[PDB]
2 protein chains.
Amino acid sequence: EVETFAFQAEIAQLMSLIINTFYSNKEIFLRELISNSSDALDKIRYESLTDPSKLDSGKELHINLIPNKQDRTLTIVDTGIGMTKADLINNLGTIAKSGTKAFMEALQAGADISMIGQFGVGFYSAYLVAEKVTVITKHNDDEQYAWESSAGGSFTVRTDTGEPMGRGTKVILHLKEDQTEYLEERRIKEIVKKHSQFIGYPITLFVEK
Amino acid sequence: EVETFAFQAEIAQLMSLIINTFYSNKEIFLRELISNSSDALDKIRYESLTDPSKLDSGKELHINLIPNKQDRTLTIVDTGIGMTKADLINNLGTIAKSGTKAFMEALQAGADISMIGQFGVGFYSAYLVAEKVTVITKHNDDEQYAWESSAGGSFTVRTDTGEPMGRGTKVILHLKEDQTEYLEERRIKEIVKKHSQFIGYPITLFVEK
Ligand SMILES: CCOc1ccc(-c2snnc2-c2cc(CC)c(O)cc2O)cc1
Ligand SMILES: CCOc1ccc(-c2snnc2-c2cc(CC)c(O)cc2O)cc1
Ligand SMILES: [Mg+2]
């Protein structure tokens, strides 16, 4: 029950650009993923203003950052709106075809990769630091699903039978071997303070034994 | 058939802060309104990816900037998703209560008014330059409505019987007497180039006789 899909040509090109372009300022991936979490949390907040039962699947609106040096993963968990299967398949609920075109045009007019989030496709900056990304998500309207991709042109979607998440999205970054600085507490804290210090939801950096 | 509503206390406080705080960099209102238009256009684009009939109310996705020196108005029109009556009443589809709290906390930790858009309430920066704002909107799911407010704690909502807009939102800024620089073509072009040069939709600056 694992379905495999091909990325649209434009998204595959975006991912190859992110993976192959020499670009040292890789830390911006975390700003972009926290930003997407903040957007998802705003969306469930806004739905709850008129239907409070939308928060029956969890009232606390927050983001957790969980490093795991044994597994070489950094995971970003939020309790936002989550995504339906259809959203996951449709480029993680982004307008990535048009976004990708508008990011490319910007790159030719002098922009740099750190501006990716202005084009709606900041999620793909995960591939600056990860060799594989796994996205586990639960929307009130749907079941819990796991999306996954090591790039190379395809992604998978399956029903997830991991731990139930209530509602929201978890992004597991399986980091490249030379990017393990992003598991160190001091480094994560430095990046959060530098780029995400005014995000309007609590961000909890877990520690490890 | 005009309904009058009171702003929530936090939003009235936000508007008073924007109106009364000395802050010279007023031009950021246009960046924030164009940004909101871009978000609205992305939302209708994303809905259309799975139901193309969503664009039966207009296929072109764009933003127009229309100055009118006779009426002393600058109007920003987009063909995005538009807002329902409920959205207009619920602070123009924003999470303005929580956004306002998180903007205030940021202001006390050194942020400035130009950062308002990071808190989901950039629309209210219109009141840096306008004594009254009128918002006309049409969502595929609803009728055409006009919201209006000269601040002072209340806003109005009525069914609009102006020109039909097909779909999207029009924000009419009735500018303060000392803010008419924002009707001059060279000034608008300078601001768009400075702050909005990579927005992924065409922005057309109308001229006047
Ligand atoms: C420009 C943003 O567009 C979007 C589109 C969708 C989302 C949504 S809806 N539910 N989860 C996410 C989400 C998605 C991602 C990206 C996998 C994530 O990292 C964290 C999340 O909570 C957020 C931003
Ligand atoms: C952080 C953004 O949250 C939002 C919330 C809602 C919107 C939406 S849905 N339809 N129109 C607008 C819109 C609303 C405004 C503001 C009146 C505007 O100026 C232009 C628009 O097209 C855009 C951003
Ligand atoms: Mg945004």
Side-chain angles (χ1 to χ4, degrees), chain A residues 8 11 31 34-35 38-51 61-62 80-81 83-87 89-100 102-112 114-121 193 195-203, chain B residues 8 11 31 34-35 38-51 61-62 80-81 83-87 89-100 102-112 114-121 193 195-203:
Chain A
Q8 290 165 281
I11 276 73
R31 176 185 73 197
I34 293 173
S35 177
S38 176
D39 289 349
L41 285 161
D42 294 341
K43 290 180 186 163
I44 188 68
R45 176 88 82 8
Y46 184 78
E47 289 195 357
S48 72
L49 294 181
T50 58
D51 176 1
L61 290 196
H62 65 231
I81 200 164
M83 281 181 284
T84 63
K85 193 189 183 188
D87 284 328
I89 295 168
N90 203 4
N91 306 304
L92 304 108
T94 70
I95 40 58
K97 191 183 171 171
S98 64
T100 293
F103 182 39
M104 302 298 201
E105 297 186 351
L107 290 173
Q108 253 122 210
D112 68 287
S114 78
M115 294 166 64
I116 183 167
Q118 298 180 34
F119 312 105
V121 289
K193 187 189 166 196
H195 297 288
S196 304
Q197 65 264 67
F198 303 119
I199 294 287
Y201 297 97
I203 298 175
Chain B
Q8 290 165 281
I11 276 73
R31 176 185 73 197
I34 293 173
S35 177
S38 176
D39 289 349
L41 285 161
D42 294 341
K43 290 180 186 163
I44 188 68
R45 176 88 82 8
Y46 184 78
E47 289 195 357
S48 72
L49 294 181
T50 58
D51 176 1
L61 290 196
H62 65 231
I81 200 164
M83 281 181 284
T84 63
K85 193 189 183 188
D87 284 328
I89 295 168
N90 203 4
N91 306 304
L92 304 108
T94 70
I95 40 58
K97 191 183 171 171
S98 64
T100 293
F103 182 39
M104 302 298 201
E105 297 186 351
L107 290 173
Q108 253 122 210
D112 68 287
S114 78
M115 294 166 64
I116 183 167
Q118 298 180 34
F119 312 105
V121 289
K193 187 189 166 196
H195 297 288
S196 304
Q197 65 264 67
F198 303 119
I199 294 287
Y201 297 97
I203 298 175

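Below, read A as the first sequence line, B as the second, and so on, with proteins coming before strands; counting in each chain starts at 1. Both backbone and side-chain heavy atoms feed into the values below; hydrogens, waters and symmetry mates do not.
- Contacts of B:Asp87 with chain A are made by both backbone and side-chain atoms, with heavy-atom separations under 4.5 Å.
- The two residues A:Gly93 and B:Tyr46 come nearest to each other via the heavy atoms CA-OH, 3.2 Å.
- Residues meeting the side-chain hydrogen bond (donor to acceptor under 3.5 Å, both in side chains) test with A:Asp112, sequence neighbours left out: A:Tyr23, A:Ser114.
- Considering every non-hydrogen atom in both B:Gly200 and A:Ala102, the closest pair reads CA-CB, 4.0 Å.
- In this structure, the portion of A:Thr94 lying under 4.5 Å from any heavy atom of chain B is its backbone and not its side chain.
- Between A:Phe119 and B:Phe198, the shortest heavy-atom contact is CE2-O, 3.2 Å.
- Atom CG of A:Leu49 sits about 7.5 Å away from atom OG of B:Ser98, to the nearest 0.5 Å.
- For B:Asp42, the side-chain hydrogen bond (donor to acceptor under 3.5 Å, both in side chains) test picks out B:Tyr201, with sequence neighbours left out.
- Here the CG atom belonging to A:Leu61 is positioned 11.0 Å from the CD1 atom belonging to B:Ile95, to the nearest 0.5 angstrom.
- Of the atoms belonging to A:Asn91, not a single heavy atom falls under 4.5 Å from chain B.
- Between B:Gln197 atom CD and A:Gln118 atom CD the span is 8.0 Å, to the nearest 0.5 Å.
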